[PDB]
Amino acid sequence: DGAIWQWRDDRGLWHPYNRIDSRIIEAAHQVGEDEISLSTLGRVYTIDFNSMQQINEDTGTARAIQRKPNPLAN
């Protein structure tokens, strides 16, 4: 839980992923995965670390993602 990942909405604001989704993204990022799949809200997303984007695999919409360190000690 060393990171808080965020995604960018259409109006340009950043939203934190939930703790579990941040954990999933972070774990894949840490080991050098190129991409992972994430399901939330019944939607299927590819998290593409080569381009640092979240891609909706049905609509083709790509959104920026970014990582913030989590200060909180285990």
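All residue numbers refer to positions in the sequence shown, first residue = 1.
Residue 40: CA B factor lies in the highest third for its chain, per the PDB record. Per the deposited record, the Cα B-factor of residue 33 falls in the highest third when ranked against the other modelled residues of its chain.
Residue 21: CA B factor lies in the middle third for its chain, per the PDB record.
Per the deposited record, the Cα B-factor of residue 57 falls in the highest third when ranked against the other modelled residues of its chain.
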